[PDB]
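In what follows, a structure is listed as structure tokens, so that the remarks can point back to it.
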Amino acid sequence: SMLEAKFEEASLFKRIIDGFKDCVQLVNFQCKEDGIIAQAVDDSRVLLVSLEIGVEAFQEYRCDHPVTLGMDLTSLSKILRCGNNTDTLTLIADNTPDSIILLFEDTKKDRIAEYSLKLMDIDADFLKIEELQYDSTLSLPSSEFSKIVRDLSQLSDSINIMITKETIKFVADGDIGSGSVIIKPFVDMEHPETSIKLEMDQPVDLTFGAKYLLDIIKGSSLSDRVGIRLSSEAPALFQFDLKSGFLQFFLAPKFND
Amino acid sequence: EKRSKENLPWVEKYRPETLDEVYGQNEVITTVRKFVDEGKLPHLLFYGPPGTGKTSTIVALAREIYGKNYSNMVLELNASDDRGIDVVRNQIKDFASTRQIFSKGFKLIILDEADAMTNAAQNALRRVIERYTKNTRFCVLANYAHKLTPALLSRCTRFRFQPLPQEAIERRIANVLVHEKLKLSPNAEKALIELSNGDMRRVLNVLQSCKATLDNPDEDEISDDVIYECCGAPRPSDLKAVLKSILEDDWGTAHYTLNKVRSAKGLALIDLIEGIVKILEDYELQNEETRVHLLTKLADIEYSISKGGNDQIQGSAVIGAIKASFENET
Amino acid sequence: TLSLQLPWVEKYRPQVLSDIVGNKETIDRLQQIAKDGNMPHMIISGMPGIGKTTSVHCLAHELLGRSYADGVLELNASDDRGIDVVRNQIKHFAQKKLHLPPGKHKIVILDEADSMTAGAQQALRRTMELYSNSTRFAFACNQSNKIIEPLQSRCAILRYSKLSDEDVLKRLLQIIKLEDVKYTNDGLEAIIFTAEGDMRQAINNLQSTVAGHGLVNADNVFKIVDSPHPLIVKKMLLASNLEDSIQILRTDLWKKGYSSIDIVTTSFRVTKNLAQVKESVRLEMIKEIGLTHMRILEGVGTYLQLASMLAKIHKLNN
Amino acid sequence: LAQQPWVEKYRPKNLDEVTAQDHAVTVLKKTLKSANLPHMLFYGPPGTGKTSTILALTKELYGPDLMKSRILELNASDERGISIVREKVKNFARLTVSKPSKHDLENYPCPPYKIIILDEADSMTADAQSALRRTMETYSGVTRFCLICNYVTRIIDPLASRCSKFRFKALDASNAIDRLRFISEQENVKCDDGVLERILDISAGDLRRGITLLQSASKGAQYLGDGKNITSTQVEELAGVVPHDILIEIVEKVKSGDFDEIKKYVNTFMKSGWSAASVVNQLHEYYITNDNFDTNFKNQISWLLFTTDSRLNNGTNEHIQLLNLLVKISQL
Amino acid sequence: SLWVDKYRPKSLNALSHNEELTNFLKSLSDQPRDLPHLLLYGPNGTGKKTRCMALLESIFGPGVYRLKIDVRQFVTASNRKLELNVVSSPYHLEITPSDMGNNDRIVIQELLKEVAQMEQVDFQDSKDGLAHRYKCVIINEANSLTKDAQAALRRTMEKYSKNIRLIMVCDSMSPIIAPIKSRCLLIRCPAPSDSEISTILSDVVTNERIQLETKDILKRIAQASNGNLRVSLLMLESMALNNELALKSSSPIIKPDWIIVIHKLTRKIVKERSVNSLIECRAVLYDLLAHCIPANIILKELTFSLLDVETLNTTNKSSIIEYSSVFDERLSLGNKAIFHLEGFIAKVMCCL
DNA sequence: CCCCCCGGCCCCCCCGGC
DNA sequence: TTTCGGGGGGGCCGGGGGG
Ligand SMILES: Nc1ncnc2c1ncn2[C@@H]1O[C@H](COP(=O)(O)OP(=O)(O)OP(O)(O)=S)[C@@H](O)[C@H]1O
Ligand SMILES: Nc1ncnc2c1ncn2[C@@H]1O[C@H](COP(=O)(O)OP(=O)(O)OP(O)(O)=S)[C@@H](O)[C@H]1O
Ligand SMILES: Nc1ncnc2c1ncn2[C@@H]1O[C@H](COP(=O)(O)OP(=O)(O)OP(O)(O)=S)[C@@H](O)[C@H]1O
Ligand SMILES: Nc1nc2c(ncn2[C@@H]2O[C@H](COP(=O)(O)OP(=O)(O)O)[C@@H](O)[C@H]2O)c(=O)[nH]1
Ligand SMILES: [Mg+2]
Ligand SMILES: [Mg+2]
Ligand SMILES: [Mg+2]
């Protein structure tokens with residue numbers, strides 16, 4: 001076959017898909033010799049999801065020529081729900097493919113499940129969106145970010161992130177009241193995973209919608225830490241690092257007016 | 001798409017890509033070009049009949065403003081998508097209230113076929129349009145103005161797309177004949193323009209069918225006969241003969257002539273009625289009653305035909321109506 | 001090219017109650033209320049683009065000064081305004097405690113209140129009554145009958161009238177002076193004539209001109225702004241001879257791209273509003289127009305049907 | 001086969017089997033090599049071959065195997081609401097074309113697009129057509145649409161503009177005699193001279209009705225087992241055509257001008273079950289082609305017949321309409 | 001059981017009138033493997049359903065008369081629950097979709113299709129247990145179907161002709177759309193002649209041992225029925241019961257109550273022509289409509305009763321018939337029948 | 001292993017002109 | 001009264017998370 005990619009367990013792919021299934025509907029996967037790069041855009045055109053999976057994540061990966069597959073995420077999730085989480089998952093595609101084949105194989109028995117999902121015609125480019133030198137770049141445990149976002153979303157539908165010298169401030173203003181959380185950079189050698197790091201060139205202040213951040217925090221299940229890159233006149237980048245890839249959310253800030 | 005543009009229908013293969021390829025709307029094109037070139041684009045309402053260049057014009061304007069990546073910098077919604085009150089409240093508001101992703105600039109929202117939207121959504125759109133005017137502009141395309149609420153119309157600058165003038169159609173036909181190696185006679189062009197009724201889609205479709213009809217398109221010229229054969233439309237001579245027989249012969253002769261003319265080419269009665277109405281429009285009648293009776297009875301016959309019915313009875317009714325109406329001239 | 005310029009409608013939106021033209025008595029009453037405070041519950045009604053939202057916003061800003069951010073709760077059709085919202089968020093805002101000068105109150109601005117459902121209006125009643133000592137309500141609507149009678153009883157009625165030609169000319173001249181726009185008297189006449197008392201449309205057309213042709217004369221105005229088709233339909237219906245009616249229909253309506261459904265609907269409206277014709281004759285013409293409209297809705301949207309409708313109308317008027 | 005009615009048994013299998021629709025079949029055959037099939041709008045009277053033509057076109061385009069995955073057919077028997085158009089049709093139009101096999105590529109043209117056939121589209125609401133507009137426009141690269149209808153006026157103007165129109169002409173004794181004769185020969189039906197022409201005249205543009213009438217006549221002849229040619233008399237009897245003697249009696253009663261006699265005769269006549277449409281058509285033929293009537297009489301009778309036919313087309317009571325028509329004619 | 005039902009023939013050989021139609025039906029049933037879709041049109045009470053059942057018995061076995069009633073569920077877009085009563089035999093199904101009004105389309109799009117898209121298990125007369133024959137669906141009152149249901153029938157009739165064959169029955173083909181008529185073999189069902197009706201009545205009388213003074217009585221019943229055989233048999237039974245099973249030359253002809261009411265309304269309209277008379281006529285019309293008397297039947301009978309009045313002249317009758325035609329068209333295209341009936345009565349009152 | 005929060009269907013009811 | 005479509009508001013049900 002043109003493309004054959006094997007996951008030891010279907011669980012990994014299911015968790016990867018579940019990380020951004022609630023923000024976008026149509027996705028485009030480009031598979032090459034270096035791995036799979038996928039992109040999706042939400043209906044409101046306010047959030048962009050960019051997934052990268054390297055060859056190290058597959059038990060066996062083979063892709064002779066680059067292939068582009070446009071698919072609909074809800075159908076993919078429905079198909080994946082039909083396969084067990086303890087079975088090897090093989091993605092198979094042919095030249096100029098019209099469908100993608102998902103093979104669920106259980107080595108314990110002779111049970112093989114073949115599922116063909118019909119591709120959709122989607123002609124689009126990834127644009128390799130990544131700003132060169134962001135104004136500020138910080139990173140902190142995903143649990144802390146998720147807790148802060150959940151706490152602040154209860155007060156307002158908008159959340160403001162302000163970055164100043166050795167200071168990161170999350171602010172929300174609503175009808176019943178206001179909330180503000182201030183965190184300073186710190187490093188602990190006993191447990192470096194709980195440390196938060198910051199590097200700031202210019203002060204930044206950006207407002208975002210609470211619903212989009214609530215969707216984004218769902219990716220905390222894929223990584224223990226999250227990296228936030230912020231820059232004026234550019235979308236904010238939220239990155240969750242995988243074993244051999246990454247999941248990136250580019251969120252456009254609200255107009256200041 | 002698939003394969004190449006040569007596999008597309010001519011109506012789609014010749015879709016304008018730039019504002020310089022939009023013909024027959026010089027005033028609107030010039031005004032919009034001046035607006036964009038000076039950074040003073042208002043909210044737009046393109047109102048017009050089918051196949052006049054509204055969608056093409058707005059797409060070309062967006063491409064000019066944003067370039068090739070315009071598809072990722074605009075929010076286009078049409079009747080094929082859901083545009084309820086919830087959509088306006090969430091998706092459109094979020095798009096209008098947020099900055100661009102791929103590159104800096106202002107937000108463009110194209111509500112194509114806005115006449116198919118519910119009144120509640122239109123009402124919800126009013127404050128969305130008013131509040132985010134600083135960074136967002138709205139363009140709405142319509143064929144029926146009566147379906148748009150007065151509040152929405154008050155907020156948009158109106159541009160009317162007239163039926164395509166004949167010279168624009170000739171220029172487009174010349175471009176097509178330059179691209180497709182085809183030969184078209186002046187009578188064929190005249191008939192095509194007459195039957196097009198100001199619609200470019202009709203021109204392109206009929207030209208494609210005419211080319212398909214030719215045995216050797218490389219060295220075969222499309223004539224009026226080819227157009228009438230492919231379209232199955234009455235020839236002017238047939239209409240003139242039918243009218244002359246109706247107005248100058250006995251009932252039996254008129255019936256025979258109508259039957260023979262219809263059977264020779266298998267023409268439909270509705271096309272004959274349309275042609276006869278067009279011919280009689282130019283007639284100078286001495287009594288208003290003749291015109292009144294002609295119009296009323298022919299409209300009744302057309303409405304009856306629209307629902308089916310007996311064709312022979314309808315033809316006899318047309319003959320009798322014309323005879324009775326013209327008996328009033330005395 | 002990628003930097004938009006503010007339209008004159010928003011750029012020159014009146015920010016003070018003294019910059020609003022028309023409805024002199026009501027505007028002066030609002031100015032007196034602002035000067036002396038004690039704003040009552042009010043409902044401002046009218047037709048599009050006459051200055052209702054502008055007036056409400058100006059009054060609120062002048063009354064509340066720097067406390068506008070906390071003292072004003074604005075909701076419109078673009079926001080969710082269901083029964084739950086009225087019961088929770090509006091009630092909380094009314095019950096809120098805010099410190100204001102002696103003569104001021106919190107303001108709730110329900111723009112386009114006619115779109116609200118009956119249940120929300122019912123729920124608003126006792127909230128308005130119990131908390132009037134600290135909160136006041138201002139509704140702005142296009143159709144007053146949509147607001148339930150209990151709410152109207154609790155409010156002061158302000159029915160805005162259409163702006164006269166003089167007021168439109170005054171505001172247009174002020175804008176022209178502030179923008180240094182070359183113009184001629186005939187151009188302003190055409191702009192006001194096409195505006196039909198709508199300030200927003202007048203300013204939009206004035207900007208479209210100059211933005212496209214520089215000089216605001218009648219010609220340049222009419223190369224972009226089309227004369228209202230209701231007037232053309234009225235001329236068609238009142239033509240003395242059937243030939244003239246058909247000529248008007250062909251040249252001014254059909255050849256311009258106007259759809260048959262639009263033409264028949266406009267004919268219905270104009271016939272409904274033809275005071276110079278006897279009521280029975282108008283009823284007969286309306287019956288004929290309804291027949292034609294029913295035929296058109298079925299799919300027979302042809303010029304022949306409209307011509308037959310005109311012929312029948314002329315038969316009636318003879 | 002022997003278990004299929006002749007109308008379905010002899011349905012065209014390829015575009016060459018369409019009888020008298022060359023003005024459009026030629027273009028459709030050209031598209032096989034051109035491979036730029038446009039959006040199509042087939043319209044015409046009942047039983048002219050629109051559905052057969054589209055089915056044959058798909059057969060010749062994709063072949064027996066690839067057709068199933070390249071065609072999406074929706075007709076009046078399926079729900080086609082605005083939601084269906086906005087979801088199912090859009091999703092099918094957005095899909096990539098199924099991959100042809102080597103057999104298909106080497107044996108069939110295999111154009112790079114799929115076809116959605118909305119048969120009986122005149123039954124769809126205007127909102128659904130409005131939803132279809134941009135769906136057809138956007139995905140023309142991978143999908144093409146075919147709308148088949150009987151009344152073209154029921155299609156909204158934007159859709160008619162987007163589609164290339166094909167009018168299917170009525171089939172009569174002049175352009176469809178060859179197909180009927182071929183069917184009769186293949187069925188070993190013995191008919192007198194002019195029987196097929198009479199059948200095609202009675203059918204009035206509908207070849208399906210003619211084939212059904214021929215099958216009925218063949219069944220009657222086979223049951224009789226007399227080895228005699230089918231005559232025009234039994235053909236007329238099977239088609240419900242009123243005998244000429246009855247028509248002459250009706251004409252004489254009308255000429256009498258007595259209301260009571262006409263009413264009594266019509267009451268007796270309605271007990272035979274004759275359809276009002278056939279009676280009206282026969283009366284129109286008798287009166288319009290009769291030389292013993294003035295221009296004014298024919299002018300009035302044509303309008304009377306038109307009014308009666310229009311009223312009958314709305315599903316009214318045949319007795320009342322026929323009595324009214326005859327009374328009005330008698331008073332001319 | 002009533003004599004009308006107790007003596008209904010159950011086979012083609014048992015038919016007694018319209019021998020030519022019987023021969024045609026026998027010819028059609030001779031080779032039923034390629035039988036096309038059938039549409040039997042004819043006056044009410046002539047024997048259309050009897051002939052359809054006889055044709056089915058000729059094609060299949062007598063088992064076609066072993067009928068049973070079942071109830072089928074249906075759900076609309078709004079989740080409304082509808083019930084349809086289906087009469088079925090081991091060889092055919094009978095349905096009257098018009099019972100569901102505007103919802104009849106659903107029955108065409110859900111029930112009929114379901115029958116035509118699947119095979120059936122036949123454990124009697126078949127060795128393999130699977131039926132090797134097409135299934136017949138009878139549609140009663142096909143002229144009552146809405147245009148949507150008729151449109152839905154179109155492609156179903158053609159796609160699954162190998163598995164399903166339709167037999168429709170109607171009293172008038174005017175409401176049937178052109179495509180449906182084109183898809184069917186049309187069979188005219190003329191009413192029986194007076195002599196044939198008299199023969200059937202005489203046979204019934206002989207079987208029932210009813211004393212008859214003269215056979216002319218039967219003849220008198222035959223004319224009063226206007227070709228309706230069911231009405232003739234029911235009227236014979238009513239007359240026999242009203243005279244102790246002994247009929248005489250003076251035995252009056254019994255008319256139904258609604259006909260008597262319509263005749264009284266005709267007399268009132270002729271005698272009195274005023275607004276108060278119109279109000280009384282409205283009350284009578286409401287009473288007639290409230291008891292399941294179709295509006296079209298009321299209009300037809302009222303029109304003919306008016307035209308049967310001896311005191312009216314030709315102009316009045318011409319005006320009456322013209323108004324009847326106009327308001328029959330109005331009824332065909334309307335919802336509130338009382339409105340059109342009142343309009344017709346008012347116009348007739350004005351003309352008189 | 002059990003309880004609670006809060007997203008999504010599911011159902012019911014009510015307009016629909018200027 | 002009511003032949004669709006849209007919109008609003010309430011009642012359950014159940015996935016997921018927390019203790
Ligand atoms: N002014 C024009 N110049 C050149 N081609 C035109 C023009 N107008 C229409 N066409 C042609 O017809 C095709 C359709 O044009 P459209 O822009 O879709 O018209 P439209 O008015 O937007 O259609 P409606 O109003 O939705 S029915 C284009 O691809 C062009 O090929
Ligand atoms: N009396 C006025 N004086 C000056 N400008 C006006 C006046 N009325 C309307 N305008 C102008 O038109 C623009 C819109 O005015 P609005 O207050 O929004 O009218 P409106 O009546 O509230 O519209 P509706 O009823 O929601 S459709 C303002 O920004 C002003 O620039
Ligand atoms: N042009 C034709 N050539 C040969 N047979 C035809 C032709 N037209 C109709 N028939 C015959 O009549 C039968 C029905 O033809 P159809 O294709 O169904 O006509 P139709 O126009 O699609 O009917 P409608 O519009 O749905 S009523 C075919 O199976 C053929 O046997
Ligand atoms: N003896 C005899 N009675 C018949 C015949 N045809 C019909 N009938 C009687 O007439 C009654 C009505 O027939 P039916 O088919 O129900 O009327 P229709 O369906 O409205 O045409 C039946 O109950 C039979 O008793 C016939 O051929 N012979
Ligand atoms: Mg368009
Ligand atoms: Mg406002
Ligand atoms: Mg068909």
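All residue names refer to the structure tokens as shown: chains lettered A, B, ... in order, residues numbered from 1 in each chain, ligands numbered from 1 in order.
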
Could you list the residues in chain C lying within 12 Å of chain F, using only C-alpha atoms (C1' of nucleotides), and format the result as a PyMOL selection string?
-> chain C and resi 47+117-119+142-143+265-266+268-269+272-273

Could you write out, as a VMD selection string, all the residues of region 16-222 of chain A that DSSP marks as alpha helix (DSSP H)?
-> chain A and resid 16 to 18 73 to 81 142 to 153 210 to 216

For chain C against chain D, which residues fall within 7 Å using only C-alpha atoms, given as a PyMOL selection string?
-> chain C and resi 298-300

Quick one: write out the picked residues with N, CA, C and O atoms as an mmCIF file, in the first residue's frame?
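Once written, out-v2.cif looks like this:
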data_model
loop_
_atom_site.group_PDB
_atom_site.id
_atom_site.type_symbol
_atom_site.label_atom_id
_atom_site.label_comp_id
_atom_site.auth_asym_id
_atom_site.auth_seq_id
_atom_site.Cartn_x
_atom_site.Cartn_y
_atom_site.Cartn_z
ATOM 1 N N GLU C 298 -46.388 30.737 -7.583
ATOM 2 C CA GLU C 298 -46.395 29.375 -8.103
ATOM 3 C C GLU C 298 -45.229 29.110 -9.044
ATOM 4 O O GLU C 298 -44.863 27.947 -9.244
ATOM 5 N N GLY C 299 -44.640 30.153 -9.624
ATOM 6 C CA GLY C 299 -43.491 29.985 -10.489
ATOM 7 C C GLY C 299 -43.595 30.725 -11.806
ATOM 8 O O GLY C 299 -42.609 30.814 -12.543
ATOM 9 N N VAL C 300 -44.772 31.255 -12.125
ATOM 10 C CA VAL C 300 -44.974 31.961 -13.402
ATOM 11 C C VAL C 300 -44.649 33.425 -13.126
ATOM 12 O O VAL C 300 -45.521 34.287 -12.989
#

Given 8 Å and only C-alpha atoms (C1' of nucleotides) and all ligand atoms, residues near ligand 7 as number ranges by chain | D: 46-47, 49-52, 119-120, 148-149; E: 154-155

Nearby residues, ligand 6, 7 Å, only C-alpha atoms (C1' of nucleotides) and all ligand atoms, as an MDAnalysis selection string = chainID C and resid 52:53 111:112

Could you dump the residues just selected with N, CA, C and O atoms as a compact mmCIF listing (two decimals), in the first residue's frame?
# COMPACT_ATOMS: atom_id res chain seq x y z
N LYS C 52 -32.89 57.06 17.53
CA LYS C 52 -33.37 56.51 18.80
C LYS C 52 -32.22 55.97 19.64
O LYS C 52 -32.05 56.37 20.80
N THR C 53 -31.42 55.06 19.07
CA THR C 53 -30.28 54.53 19.80
C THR C 53 -29.30 55.64 20.17
O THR C 53 -28.77 55.66 21.28
N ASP C 111 -32.22 47.65 23.76
CA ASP C 111 -32.38 48.07 22.37
C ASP C 111 -33.09 46.99 21.57
O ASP C 111 -32.89 45.80 21.80
N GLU C 112 -33.93 47.42 20.62
CA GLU C 112 -34.72 46.50 19.81
C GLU C 112 -35.57 45.60 20.71
O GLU C 112 -35.63 44.38 20.53

Polymer residues at most 8 Å from region 237-246 of chain B, only C-alpha atoms (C1' of nucleotides), same-chain spacing of 4 or more positions, as a ChimeraX atom specification = /B:250-251,253-254,257-258,261,272,275-276,319,322-323

Write out, as a PDB file, in the first residue's frame, the residues just selected, with N, CA and C atoms.
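Output below, filename selection-v6.pdb:
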ATOM      1  N   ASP B 250     -58.501  31.448 -42.509  1.00  0.00           N
ATOM      2  CA  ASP B 250     -59.659  30.860 -41.860  1.00  0.00           C
ATOM      3  C   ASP B 250     -59.223  29.938 -40.723  1.00  0.00           C
ATOM      4  N   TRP B 251     -60.206  29.490 -39.939  1.00  0.00           N
ATOM      5  CA  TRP B 251     -59.899  28.685 -38.760  1.00  0.00           C
ATOM      6  C   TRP B 251     -59.219  27.376 -39.140  1.00  0.00           C
ATOM      7  N   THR B 253     -57.447  26.673 -41.857  1.00  0.00           N
ATOM      8  CA  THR B 253     -56.097  26.945 -42.338  1.00  0.00           C
ATOM      9  C   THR B 253     -55.163  27.302 -41.189  1.00  0.00           C
ATOM     10  N   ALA B 254     -55.640  28.100 -40.231  1.00  0.00           N
ATOM     11  CA  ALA B 254     -54.804  28.456 -39.089  1.00  0.00           C
ATOM     12  C   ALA B 254     -54.457  27.228 -38.258  1.00  0.00           C
ATOM     13  N   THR B 257     -51.878  25.198 -40.201  1.00  0.00           N
ATOM     14  CA  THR B 257     -50.564  25.829 -40.201  1.00  0.00           C
ATOM     15  C   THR B 257     -49.884  25.683 -38.847  1.00  0.00           C
ATOM     16  N   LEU B 258     -50.627  25.901 -37.760  1.00  0.00           N
ATOM     17  CA  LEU B 258     -50.039  25.762 -36.433  1.00  0.00           C
ATOM     18  C   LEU B 258     -49.571  24.332 -36.197  1.00  0.00           C
ATOM     19  N   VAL B 261     -46.392  23.644 -38.374  1.00  0.00           N
ATOM     20  CA  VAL B 261     -45.198  24.329 -37.890  1.00  0.00           C
ATOM     21  C   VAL B 261     -44.700  23.684 -36.606  1.00  0.00           C
ATOM     22  N   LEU B 272     -43.862  29.367 -28.640  1.00  0.00           N
ATOM     23  CA  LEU B 272     -44.616  30.077 -29.667  1.00  0.00           C
ATOM     24  C   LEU B 272     -45.397  31.235 -29.064  1.00  0.00           C
ATOM     25  N   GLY B 275     -42.963  34.075 -28.269  1.00  0.00           N
ATOM     26  CA  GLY B 275     -42.544  34.774 -29.472  1.00  0.00           C
ATOM     27  C   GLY B 275     -43.641  35.649 -30.047  1.00  0.00           C
ATOM     28  N   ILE B 276     -44.874  35.140 -30.063  1.00  0.00           N
ATOM     29  CA  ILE B 276     -45.990  35.917 -30.590  1.00  0.00           C
ATOM     30  C   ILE B 276     -46.250  37.134 -29.711  1.00  0.00           C
ATOM     31  N   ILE B 319     -55.288  30.469 -30.729  1.00  0.00           N
ATOM     32  CA  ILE B 319     -55.775  30.949 -32.023  1.00  0.00           C
ATOM     33  C   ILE B 319     -57.050  31.763 -31.839  1.00  0.00           C
ATOM     34  N   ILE B 322     -56.447  35.207 -30.114  1.00  0.00           N
ATOM     35  CA  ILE B 322     -55.873  36.207 -31.012  1.00  0.00           C
ATOM     36  C   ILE B 322     -56.933  36.710 -31.985  1.00  0.00           C
ATOM     37  N   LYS B 323     -57.713  35.792 -32.563  1.00  0.00           N
ATOM     38  CA  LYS B 323     -58.736  36.198 -33.522  1.00  0.00           C
ATOM     39  C   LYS B 323     -59.767  37.118 -32.874  1.00  0.00           C
TER      40      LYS B 323
END

Mind listing the residues within 8 Å of ligand 3, only C-alpha atoms (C1' of nucleotides) and all ligand atoms counted, as a ChimeraX atom specification?
-> /D:6-12,17-21,43-53,119-120,148-150,168,171,176,179,206-209,211 /E:154-155,158,178-180,182-183

Two-atom distance - CA of residue 232 (chain B), CA of residue 23 (chain D) (Å) |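 Interatomic distance, CA of residue 232 (chain B) to CA of residue 23 (chain D): 7.6 Å.
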
Find the residues near ligand 2. Use a cut-off of 6 Å, count only C-alpha atoms (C1' of nucleotides) and all ligand atoms, and write them as JSON, numbers by chain.
-> {"B": [151], "C": [9, 10, 12, 13, 14, 20, 21, 22, 47, 48, 49, 50, 51, 52, 53, 54, 142, 199, 200]}

Please dump the current selection as a compact mmCIF listing (two decimals), in the first residue's frame; keep C-alpha atoms.
# COMPACT_ATOMS: atom_id res chain seq x y z
CA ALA B 151 -33.38 47.91 9.22
CA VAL C 9 -22.43 57.45 10.09
CA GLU C 10 -20.25 56.22 12.96
CA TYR C 12 -20.25 61.70 13.04
CA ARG C 13 -22.63 59.88 15.37
CA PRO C 14 -23.92 62.57 17.78
CA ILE C 20 -29.42 65.38 17.38
CA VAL C 21 -31.77 66.87 14.78
CA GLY C 22 -35.52 66.36 14.70
CA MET C 47 -38.92 54.01 12.11
CA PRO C 48 -35.36 53.15 11.02
CA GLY C 49 -32.52 55.65 11.18
CA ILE C 50 -34.04 58.63 13.01
CA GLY C 51 -31.86 58.77 16.14
CA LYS C 52 -33.37 56.51 18.80
CA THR C 53 -30.28 54.53 19.80
CA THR C 54 -28.16 57.68 19.52
CA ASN C 142 -39.46 50.08 15.85
CA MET C 199 -30.51 59.95 8.19
CA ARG C 200 -28.36 56.82 7.93

Got a sec to check which residues lie within 9 Å of ligand 5, using only C-alpha atoms (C1' of nucleotides) and all ligand atoms, and send them as a ChimeraX atom specification?
-> /B:50-56,112-113,141-143 /D:133-134,137,158

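With distances restricted to only C-alpha atoms and all ligand atoms, E:140 is the closest residue to ligand 4 from E:124, E:76, E:140, E:109.
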
Would you list the contacts of region 120-132 of chain C as a ChimeraX atom specification, taking every protein, DNA or RNA residue within 12 Å and counting only C-alpha atoms (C1' of nucleotides), but skipping same-chain residues closer than 6 positions in sequence?
-> /C:38-42,80-97,104-108,110,113-114,138-139,146-155 /G:8-9

Nearby polymer residues, ligand 4, at most 7 Å, only C-alpha atoms (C1' of nucleotides) and all ligand atoms, as number ranges by chain = E: 4-5, 7-9, 14-17, 42-51, 200, 229-230

Return as an NGL selection string the residues belonging to chain G that are within 12 Å of chain E, counting only C-alpha atoms (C1' of nucleotides).
-> :G and (1-5)

For the residues selected in the previous step, produce a file with C-alpha atoms (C1' of nucleotides) as an mmCIF file, in the first residue's frame.
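Output saved as again05.cif:
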data_model
loop_
_atom_site.group_PDB
_atom_site.id
_atom_site.type_symbol
_atom_site.label_atom_id
_atom_site.label_comp_id
_atom_site.auth_asym_id
_atom_site.auth_seq_id
_atom_site.Cartn_x
_atom_site.Cartn_y
_atom_site.Cartn_z
ATOM 1 C "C1'" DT G 1 -58.463 24.107 13.575
ATOM 2 C "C1'" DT G 2 -54.163 23.414 10.783
ATOM 3 C "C1'" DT G 3 -50.558 20.586 5.930
ATOM 4 C "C1'" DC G 4 -43.113 23.265 7.575
ATOM 5 C "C1'" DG G 5 -39.456 25.797 9.653
#

With distances taken over only C-alpha atoms, the candidate from A:252, A:162, A:198, A:237 nearest residue 46 (chain A) is A:252
